[PDB]
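Asks: If it helps, the file is called work_20.cif and holds mmCIF, C-alpha atoms and all ligand atoms:
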data_data
loop_
_atom_site.label_atom_id
_atom_site.label_comp_id
_atom_site.auth_asym_id
_atom_site.auth_seq_id
_atom_site.Cartn_x
_atom_site.Cartn_y
_atom_site.Cartn_z
CA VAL A 324 -36.68 130.63 168.27
CA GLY A 325 -35.70 133.14 165.59
CA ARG A 326 -34.50 135.95 167.88
CA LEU A 327 -31.45 138.05 166.99
CA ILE A 328 -29.11 140.40 168.84
CA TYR A 329 -29.36 143.87 167.27
CA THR A 330 -26.64 146.49 167.59
CA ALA A 331 -27.56 150.07 166.64
CA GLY A 332 -25.34 153.11 166.27
CA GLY A 333 -22.06 153.50 168.09
CA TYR A 334 -18.80 155.35 167.74
CA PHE A 335 -15.60 154.93 165.78
CA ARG A 336 -13.88 158.17 164.77
CA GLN A 337 -17.45 159.54 164.56
CA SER A 338 -20.97 158.51 165.49
CA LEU A 339 -22.39 155.72 163.34
CA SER A 340 -25.74 154.87 161.75
CA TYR A 341 -25.23 151.09 161.54
CA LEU A 342 -28.00 148.63 162.35
CA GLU A 343 -26.56 145.08 162.36
CA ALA A 344 -28.04 141.87 163.75
CA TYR A 345 -26.22 138.76 164.94
CA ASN A 346 -27.73 135.25 164.99
CA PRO A 347 -26.20 133.21 167.86
CA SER A 348 -27.58 130.01 166.30
CA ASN A 349 -25.45 130.15 163.11
CA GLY A 350 -22.93 132.98 163.68
CA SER A 351 -24.31 135.17 160.90
CA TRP A 352 -24.40 138.98 160.81
CA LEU A 353 -26.91 141.01 158.79
CA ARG A 354 -26.55 144.69 157.89
CA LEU A 355 -29.97 146.33 158.12
CA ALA A 356 -31.50 149.76 157.56
CA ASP A 357 -29.30 152.63 158.77
CA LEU A 358 -30.51 154.90 161.53
CA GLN A 359 -31.87 158.11 160.01
CA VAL A 360 -29.47 160.07 162.26
CA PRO A 361 -26.12 158.55 163.38
CA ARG A 362 -25.90 158.31 167.12
CA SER A 363 -23.58 157.06 169.83
CA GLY A 364 -24.32 156.91 173.51
CA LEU A 365 -27.87 155.72 172.77
CA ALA A 366 -29.78 152.83 174.39
CA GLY A 367 -31.81 150.13 172.70
CA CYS A 368 -34.79 148.20 173.97
CA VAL A 369 -37.67 146.18 172.60
CA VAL A 370 -41.41 146.42 173.24
CA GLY A 371 -43.98 144.41 171.33
CA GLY A 372 -41.43 143.17 168.83
CA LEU A 373 -40.36 146.68 167.83
CA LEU A 374 -36.79 147.89 168.34
CA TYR A 375 -36.41 151.33 169.91
CA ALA A 376 -33.33 153.56 169.74
CA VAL A 377 -33.42 156.16 172.54
CA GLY A 378 -31.30 159.31 172.93
CA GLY A 379 -27.57 159.49 172.33
CA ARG A 380 -25.53 162.05 170.46
CA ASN A 381 -24.61 162.63 166.85
CA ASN A 382 -20.83 163.22 166.80
CA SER A 383 -19.96 164.48 163.32
CA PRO A 384 -17.10 166.37 161.65
CA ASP A 385 -19.48 169.39 161.58
CA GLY A 386 -20.96 169.30 165.09
CA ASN A 387 -22.09 167.29 168.13
CA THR A 388 -25.84 167.32 168.92
CA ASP A 389 -27.35 165.48 171.93
CA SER A 390 -30.48 163.60 170.99
CA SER A 391 -33.98 163.59 172.47
CA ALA A 392 -35.01 161.16 169.73
CA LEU A 393 -37.02 157.99 170.08
CA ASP A 394 -36.93 156.03 166.84
CA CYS A 395 -38.53 152.65 166.30
CA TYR A 396 -37.54 149.90 163.87
CA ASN A 397 -39.92 147.24 162.58
CA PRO A 398 -38.14 144.00 161.63
CA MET A 399 -41.12 143.12 159.41
CA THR A 400 -40.48 146.17 157.20
CA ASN A 401 -36.77 146.91 157.75
CA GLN A 402 -37.80 150.53 158.23
CA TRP A 403 -37.24 153.07 160.99
CA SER A 404 -40.04 155.47 161.99
CA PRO A 405 -39.87 158.53 164.26
CA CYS A 406 -41.66 158.30 167.59
CA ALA A 407 -42.40 161.13 169.98
CA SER A 408 -39.28 162.79 171.32
CA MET A 409 -38.31 162.94 174.97
CA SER A 410 -38.60 166.10 177.03
CA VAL A 411 -34.80 166.66 176.95
CA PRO A 412 -31.80 165.37 175.03
CA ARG A 413 -30.06 162.46 176.81
CA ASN A 414 -26.56 161.41 175.73
CA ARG A 415 -25.03 158.38 177.50
CA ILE A 416 -28.52 157.34 178.53
CA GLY A 417 -29.82 154.24 180.29
CA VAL A 418 -33.19 152.66 179.55
CA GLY A 419 -35.36 149.92 181.03
CA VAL A 420 -38.78 148.50 180.19
CA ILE A 421 -41.50 147.77 182.73
CA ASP A 422 -44.86 146.43 181.63
CA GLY A 423 -44.64 147.69 178.05
CA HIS A 424 -43.36 151.15 179.02
CA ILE A 425 -39.90 152.56 178.29
CA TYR A 426 -38.09 154.44 181.04
CA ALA A 427 -35.36 156.85 179.91
CA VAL A 428 -32.92 157.53 182.72
CA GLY A 429 -30.33 160.20 183.21
CA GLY A 430 -27.83 161.15 180.53
CA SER A 431 -26.19 164.42 179.57
CA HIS A 432 -27.17 167.51 177.62
CA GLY A 433 -24.16 169.72 177.07
CA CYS A 434 -22.54 170.16 180.48
CA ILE A 435 -25.76 169.21 182.35
CA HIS A 436 -25.89 165.79 183.99
CA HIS A 437 -29.51 164.73 184.38
CA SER A 438 -31.18 163.17 187.42
CA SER A 439 -34.52 163.37 185.56
CA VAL A 440 -36.39 160.25 184.35
CA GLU A 441 -39.28 159.91 181.91
CA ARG A 442 -41.63 157.17 180.82
CA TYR A 443 -42.89 156.36 177.33
CA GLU A 444 -46.27 154.80 176.54
CA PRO A 445 -46.20 153.12 173.12
CA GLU A 446 -49.97 152.93 172.90
CA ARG A 447 -50.27 156.72 173.30
CA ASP A 448 -46.94 157.71 171.65
CA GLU A 449 -46.40 160.05 174.61
CA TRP A 450 -43.65 160.70 177.15
CA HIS A 451 -44.18 161.93 180.72
CA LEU A 452 -41.72 162.72 183.48
CA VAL A 453 -41.55 160.62 186.64
CA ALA A 454 -39.64 161.15 189.87
CA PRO A 455 -35.96 162.02 189.29
CA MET A 456 -33.19 159.91 190.71
CA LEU A 457 -31.38 160.78 193.95
CA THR A 458 -28.16 161.30 191.96
CA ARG A 459 -27.39 162.84 188.59
CA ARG A 460 -26.07 160.07 186.38
CA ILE A 461 -24.66 159.82 182.89
CA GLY A 462 -23.10 156.70 181.50
CA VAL A 463 -25.59 154.95 183.78
CA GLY A 464 -26.44 151.29 183.53
CA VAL A 465 -30.14 150.50 183.78
CA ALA A 466 -31.91 147.19 184.13
CA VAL A 467 -35.28 145.89 185.31
CA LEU A 468 -35.77 142.98 187.65
CA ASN A 469 -39.12 142.01 189.18
CA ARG A 470 -40.74 145.15 187.74
CA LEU A 471 -38.37 147.44 189.63
CA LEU A 472 -36.01 149.79 187.77
CA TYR A 473 -32.29 149.94 188.73
CA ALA A 474 -29.83 152.74 187.95
CA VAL A 475 -26.23 151.65 188.47
CA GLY A 476 -23.06 153.71 188.50
CA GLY A 477 -22.37 156.49 186.02
CA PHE A 478 -20.85 159.96 186.34
CA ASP A 479 -22.52 162.85 188.21
CA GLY A 480 -20.38 165.63 186.76
CA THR A 481 -17.69 165.50 189.43
CA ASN A 482 -17.23 161.87 190.52
CA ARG A 483 -17.64 158.52 188.85
CA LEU A 484 -19.95 156.42 190.93
CA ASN A 485 -20.18 153.04 192.59
CA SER A 486 -23.61 153.91 194.00
CA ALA A 487 -26.86 152.48 192.71
CA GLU A 488 -30.58 153.04 193.27
CA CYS A 489 -33.93 151.40 192.72
CA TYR A 490 -37.20 152.94 191.47
CA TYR A 491 -40.53 151.68 192.78
CA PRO A 492 -43.19 152.58 190.22
CA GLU A 493 -46.19 152.31 192.50
CA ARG A 494 -44.70 154.86 194.88
CA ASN A 495 -42.96 156.95 192.21
CA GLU A 496 -39.96 156.86 194.50
CA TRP A 497 -36.22 156.13 194.31
CA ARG A 498 -34.15 154.54 197.08
CA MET A 499 -30.45 153.80 197.34
CA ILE A 500 -29.37 150.16 197.23
CA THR A 501 -26.06 148.63 198.28
CA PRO A 502 -23.23 150.25 196.29
CA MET A 503 -21.07 148.18 193.97
CA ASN A 504 -17.58 147.14 195.02
CA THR A 505 -16.20 149.08 192.04
CA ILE A 506 -16.69 152.55 190.60
CA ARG A 507 -18.08 152.08 187.11
CA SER A 508 -19.07 154.61 184.44
CA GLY A 509 -20.15 153.21 181.09
CA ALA A 510 -20.56 149.66 182.32
CA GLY A 511 -22.83 147.23 180.67
CA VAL A 512 -25.77 146.50 183.02
CA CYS A 513 -28.36 143.79 182.52
CA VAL A 514 -30.43 141.19 184.36
CA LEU A 515 -29.92 137.44 184.35
CA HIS A 516 -31.96 135.21 186.66
CA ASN A 517 -32.29 137.08 189.99
CA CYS A 518 -29.25 139.26 189.64
CA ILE A 519 -28.25 142.57 188.16
CA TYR A 520 -24.87 142.29 186.42
CA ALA A 521 -22.44 145.21 185.97
CA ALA A 522 -19.69 144.34 183.47
CA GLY A 523 -16.69 146.52 182.75
CA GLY A 524 -16.89 150.30 182.67
CA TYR A 525 -14.44 153.07 183.52
CA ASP A 526 -13.43 153.64 187.16
CA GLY A 527 -11.76 157.02 186.63
CA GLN A 528 -8.37 155.43 185.86
CA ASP A 529 -8.64 152.30 183.68
CA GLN A 530 -11.15 150.38 181.63
CA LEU A 531 -12.33 147.35 183.59
CA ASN A 532 -12.76 143.69 182.79
CA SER A 533 -14.23 142.85 186.20
CA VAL A 534 -17.89 141.87 186.48
CA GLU A 535 -20.06 141.94 189.57
CA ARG A 536 -23.63 140.97 190.26
CA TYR A 537 -26.26 142.12 192.72
CA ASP A 538 -28.51 139.53 194.30
CA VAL A 539 -31.77 141.30 195.08
CA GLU A 540 -32.49 138.88 197.91
CA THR A 541 -29.16 139.24 199.79
CA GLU A 542 -28.56 142.88 198.74
CA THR A 543 -24.92 142.02 198.07
CA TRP A 544 -22.62 142.55 195.11
CA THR A 545 -20.34 139.60 194.25
CA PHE A 546 -17.66 139.42 191.58
CA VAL A 547 -17.95 136.72 188.90
CA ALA A 548 -15.42 135.67 186.28
CA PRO A 549 -13.87 138.71 184.54
CA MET A 550 -14.27 139.26 180.82
CA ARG A 551 -11.40 138.47 178.49
CA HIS A 552 -11.14 142.15 177.53
CA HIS A 553 -11.21 145.40 179.41
CA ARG A 554 -14.17 147.35 178.07
CA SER A 555 -16.02 150.61 178.71
CA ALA A 556 -19.01 152.00 176.80
CA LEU A 557 -19.92 148.44 175.78
CA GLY A 558 -23.16 147.07 174.46
CA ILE A 559 -24.85 144.38 176.54
CA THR A 560 -27.87 142.12 176.38
CA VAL A 561 -29.15 138.74 177.48
CA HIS A 562 -30.21 135.94 175.19
CA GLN A 563 -31.06 132.33 176.09
CA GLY A 564 -29.68 132.54 179.59
CA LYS A 565 -26.32 134.07 178.66
CA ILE A 566 -24.94 137.61 178.70
CA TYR A 567 -23.50 138.99 175.48
CA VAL A 568 -21.15 141.99 175.57
CA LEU A 569 -20.42 143.81 172.31
CA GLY A 570 -17.62 146.19 171.52
CA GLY A 571 -16.50 149.03 173.76
CA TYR A 572 -13.20 150.81 174.32
CA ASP A 573 -10.33 148.95 176.02
CA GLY A 574 -7.92 151.87 176.35
CA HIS A 575 -6.20 151.24 172.99
CA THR A 576 -8.72 149.90 170.48
CA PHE A 577 -12.39 150.12 169.72
CA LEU A 578 -13.17 146.47 170.16
CA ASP A 579 -14.95 144.31 167.68
CA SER A 580 -14.99 141.31 170.04
CA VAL A 581 -18.27 139.85 171.31
CA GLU A 582 -18.02 137.76 174.51
CA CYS A 583 -20.64 135.46 176.03
CA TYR A 584 -21.00 134.72 179.76
CA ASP A 585 -22.41 131.33 180.84
CA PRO A 586 -23.56 131.62 184.49
CA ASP A 587 -23.58 127.85 184.98
CA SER A 588 -19.83 127.49 184.30
CA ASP A 589 -18.91 131.08 185.33
CA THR A 590 -16.89 131.51 182.16
CA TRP A 591 -16.65 134.03 179.32
CA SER A 592 -16.07 132.83 175.77
CA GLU A 593 -15.40 134.83 172.60
CA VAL A 594 -18.23 133.98 170.21
CA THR A 595 -17.95 136.33 167.21
CA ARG A 596 -16.64 139.67 166.01
CA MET A 597 -18.68 142.63 164.88
CA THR A 598 -18.07 143.81 161.31
CA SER A 599 -15.98 146.69 162.72
CA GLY A 600 -14.80 147.86 166.12
CA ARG A 601 -16.97 150.43 167.91
CA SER A 602 -18.17 151.67 171.28
CA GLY A 603 -21.29 153.32 172.66
CA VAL A 604 -23.82 151.08 170.90
CA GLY A 605 -27.42 150.27 171.75
CA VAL A 606 -28.26 146.57 171.90
CA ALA A 607 -31.51 144.63 172.15
CA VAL A 608 -33.04 141.30 171.14
CA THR A 609 -36.07 140.75 168.88
CA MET A 610 -37.27 138.56 166.00
CA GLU A 611 -35.44 138.20 162.69
CA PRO A 612 -36.16 140.81 159.98
CA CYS A 613 -38.09 140.36 156.72
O1 LIG A 701 -16.82 158.47 183.00
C1 LIG A 701 -17.31 159.25 182.16
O2 LIG A 701 -17.07 160.57 182.08
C2 LIG A 701 -18.27 158.85 181.06
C3 LIG A 701 -17.78 157.61 180.31
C4 LIG A 701 -16.34 157.78 179.83
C5 LIG A 701 -15.81 159.04 179.49
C6 LIG A 701 -14.50 159.21 179.06
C7 LIG A 701 -13.72 158.08 178.97
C8 LIG A 701 -14.25 156.83 179.32
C9 LIG A 701 -15.55 156.66 179.75
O3 LIG A 701 -13.48 155.74 179.22
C10 LIG A 701 -12.83 155.84 177.94
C11 LIG A 701 -11.88 157.05 177.94
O4 LIG A 701 -12.43 158.24 178.53
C12 LIG A 701 -18.80 157.10 179.32
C13 LIG A 701 -19.82 156.31 179.83
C14 LIG A 701 -20.77 155.77 179.01
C15 LIG A 701 -20.77 156.02 177.64
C16 LIG A 701 -21.75 155.47 176.80
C17 LIG A 701 -21.72 155.69 175.48
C18 LIG A 701 -20.71 156.51 174.89
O5 LIG A 701 -20.82 156.66 173.55
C19 LIG A 701 -19.83 157.47 172.87
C20 LIG A 701 -18.47 156.82 172.91
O6 LIG A 701 -18.55 155.60 172.76
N1 LIG A 701 -17.28 157.49 173.06
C21 LIG A 701 -15.95 156.86 173.07
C22 LIG A 701 -14.76 157.89 173.00
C23 LIG A 701 -14.55 158.86 174.21
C24 LIG A 701 -14.40 158.21 175.62
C25 LIG A 701 -15.74 157.66 176.12
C26 LIG A 701 -16.09 156.23 175.65
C27 LIG A 701 -15.64 155.86 174.22
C28 LIG A 701 -19.72 157.06 175.71
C29 LIG A 701 -19.73 156.83 177.10
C30 LIG A 701 -18.76 157.36 177.98
#
Could you express the structure from this file as structure tokens?
Replies:
Amino acid sequence: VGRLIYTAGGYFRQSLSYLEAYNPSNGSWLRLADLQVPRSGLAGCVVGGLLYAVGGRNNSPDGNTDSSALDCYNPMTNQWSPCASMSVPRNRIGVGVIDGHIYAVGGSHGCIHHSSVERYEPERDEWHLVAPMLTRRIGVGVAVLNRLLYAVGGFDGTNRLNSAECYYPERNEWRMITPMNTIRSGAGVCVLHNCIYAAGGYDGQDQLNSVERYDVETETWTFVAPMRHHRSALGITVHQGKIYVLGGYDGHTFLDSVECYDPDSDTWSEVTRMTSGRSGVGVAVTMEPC
């Protein structure tokens, strides 16, 4: 009990410093301590009850700087602290957590599209590089299932991608998995039960509302119910057995809508609205603040 969905950063006209937290139990939203540096295209994750904001870019009227930052937020103090920075800036990054360690995957730095991957150790406040992916990927979706790390879709600098790959930590090795049915850049990617879900994204032409899921046992991607809204660069997380998607860009608007997927009924329902429309947010779940 007492866990909240946190949304950090994002983009609307410019990159944003907002930290806001939604309580699915009573519908409430809390505005919390701003990020020190506004960022979009960042990823959020949680280790040991601390919320981490990783990478992104600060888009401002007076410049656009890609971020190597790792900042950590303590709900007990409502304060952000700087952690050790990554080896390179990573805009439109994907992250995943295995066994208390944060993996930062891919992302862009200027015109460079990274294949490189690095691993953070909270107990040592240190980053170290691991094996790079087989494909350069920005706007990549990353999730962890059964202590394996998945990198799904993205953009390699020339083509948007339906391909996907799996990292095996004990061999420090990446291998291709079955590609998705759909090209998706900027999808929301998460894990629910034994499947990796890829929701929305941009296929090169239109923002998508389709959702597909990868069953690790069958190695197949299957479509599930589509979302109510087309969305790319959306926030995504899982909480009490349901997927929550937040925000994104639908082609026309920066969405404020939050939708919830129930796998048992295979339905999406609109559950709340963010305080303002935005895309490119980092999302993660941890205990209530204060
Ligand atoms: O396919 C690609 O080249 C990359 C892909 C993308 C680029 C251009 C697009 C697009 C999607 O579909 C909307 C119209 O053209 C992408 C993927 C992930 C992102 C994550 C965060 C993120 O954070 C800043 C952000 O939200 N930017 C927003 C305005 C500019 C468009 C990008 C989105 C809205 C941005 C991401 C962008």
Asks: Taking into account all atoms listed in the file, which residue in the set A:537, A:490, A:525, A:345 is nearest to ligand LIG 701 (chain A)?
Replies: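 Of A:537, A:490, A:525, A:345, the one nearest ligand LIG 701 (chain A) is A:525, counting all atoms listed in the file.
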Asks: Using all atoms listed in the file, pick whichever of A:373, A:488, A:532, A:424 has the shortest atom-to-atom distance to residue A:397.
Replies: A:373
Asks: Hey, can you check how far atom CA of residue A:479 sits from atom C13 of ligand LIG 701 (chain A)?
Replies: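 Separation of atom CA of residue A:479 and atom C13 of ligand LIG 701 (chain A): 11.0 Å.
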Asks: Give me the residues near stretch 555-562 of chain A as a PyMOL selection string, where near means some atom within 8 Å (using all atoms listed in the file) and where sequence neighbours in that chain fewer than 3 positions away do not count.
Replies: chain A and resi 328+330+364+462+508-515+523-525+530-531+565-573+602-608
Asks: Tell me which of A:329, A:352, A:544, A:478 sits closest to residue A:416, counting all atoms listed in the file.
Replies: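 Closest residue, counting all atoms listed in the file: A:478.
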Asks: For stretch 341-362 of chain A, which lacks atoms in the input, supply N, CA, C and O atoms and format the output as a compact mmCIF listing (two decimals), keeping the file's coordinate frame.
Replies:
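Okay, this is what ended up in selection.txt:
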# COMPACT_ATOMS: atom_id res chain seq x y z
N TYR A 341 -25.05 152.50 161.89
CA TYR A 341 -25.23 151.09 161.54
C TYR A 341 -26.35 150.45 162.36
O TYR A 341 -26.51 150.71 163.57
N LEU A 342 -27.12 149.59 161.69
CA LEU A 342 -28.00 148.63 162.35
C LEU A 342 -27.56 147.26 161.85
O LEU A 342 -27.69 146.98 160.65
N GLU A 343 -27.01 146.41 162.73
CA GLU A 343 -26.56 145.08 162.36
C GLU A 343 -27.11 144.09 163.36
O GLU A 343 -27.30 144.42 164.53
N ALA A 344 -27.39 142.88 162.91
CA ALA A 344 -28.04 141.87 163.75
C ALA A 344 -27.29 140.57 163.65
O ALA A 344 -26.99 140.11 162.54
N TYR A 345 -27.00 139.98 164.81
CA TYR A 345 -26.22 138.76 164.94
C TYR A 345 -27.13 137.61 165.33
O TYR A 345 -27.96 137.76 166.23
N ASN A 346 -26.96 136.45 164.68
CA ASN A 346 -27.73 135.25 164.99
C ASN A 346 -26.86 134.29 165.78
O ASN A 346 -25.95 133.68 165.21
N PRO A 347 -27.07 134.13 167.09
CA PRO A 347 -26.20 133.21 167.86
C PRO A 347 -26.31 131.77 167.40
O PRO A 347 -25.39 130.98 167.68
N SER A 348 -27.37 131.40 166.69
CA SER A 348 -27.58 130.01 166.30
C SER A 348 -26.68 129.57 165.15
O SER A 348 -26.35 128.38 165.07
N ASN A 349 -26.30 130.49 164.25
CA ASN A 349 -25.45 130.15 163.11
C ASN A 349 -24.28 131.10 162.89
O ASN A 349 -23.56 130.93 161.90
N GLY A 350 -24.06 132.08 163.77
CA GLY A 350 -22.93 132.98 163.68
C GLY A 350 -23.06 134.13 162.71
O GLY A 350 -22.14 134.95 162.63
N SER A 351 -24.19 134.24 162.01
CA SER A 351 -24.31 135.17 160.90
C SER A 351 -24.60 136.58 161.39
O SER A 351 -25.21 136.78 162.43
N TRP A 352 -24.13 137.56 160.61
CA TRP A 352 -24.40 138.98 160.81
C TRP A 352 -25.13 139.52 159.60
O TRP A 352 -24.77 139.21 158.46
N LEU A 353 -26.15 140.35 159.84
CA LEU A 353 -26.91 141.01 158.79
C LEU A 353 -26.77 142.51 158.94
O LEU A 353 -26.94 143.03 160.05
N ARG A 354 -26.49 143.23 157.85
CA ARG A 354 -26.55 144.69 157.89
C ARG A 354 -27.94 145.14 157.47
O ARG A 354 -28.39 144.82 156.37
N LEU A 355 -28.58 145.94 158.31
CA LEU A 355 -29.97 146.33 158.12
C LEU A 355 -30.05 147.85 157.93
O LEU A 355 -29.04 148.56 157.85
N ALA A 356 -31.28 148.36 157.90
CA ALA A 356 -31.50 149.76 157.56
C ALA A 356 -30.74 150.68 158.51
O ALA A 356 -30.79 150.52 159.73
N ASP A 357 -30.02 151.66 157.94
CA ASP A 357 -29.30 152.63 158.77
C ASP A 357 -30.28 153.44 159.60
O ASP A 357 -31.40 153.71 159.17
N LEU A 358 -29.83 153.82 160.81
CA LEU A 358 -30.51 154.90 161.53
C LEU A 358 -30.61 156.11 160.62
O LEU A 358 -29.67 156.40 159.87
N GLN A 359 -31.74 156.84 160.71
CA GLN A 359 -31.87 158.11 160.01
C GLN A 359 -30.76 159.07 160.43
O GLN A 359 -30.11 159.71 159.58
N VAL A 360 -30.49 159.18 161.73
CA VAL A 360 -29.47 160.07 162.26
C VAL A 360 -28.43 159.21 162.98
O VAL A 360 -28.79 158.44 163.88
N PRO A 361 -27.15 159.29 162.63
CA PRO A 361 -26.12 158.55 163.38
C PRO A 361 -26.12 158.98 164.83
O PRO A 361 -26.23 160.16 165.14
N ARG A 362 -25.94 158.00 165.71
CA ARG A 362 -25.90 158.31 167.12
C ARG A 362 -24.98 157.35 167.83
O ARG A 362 -25.00 156.16 167.52
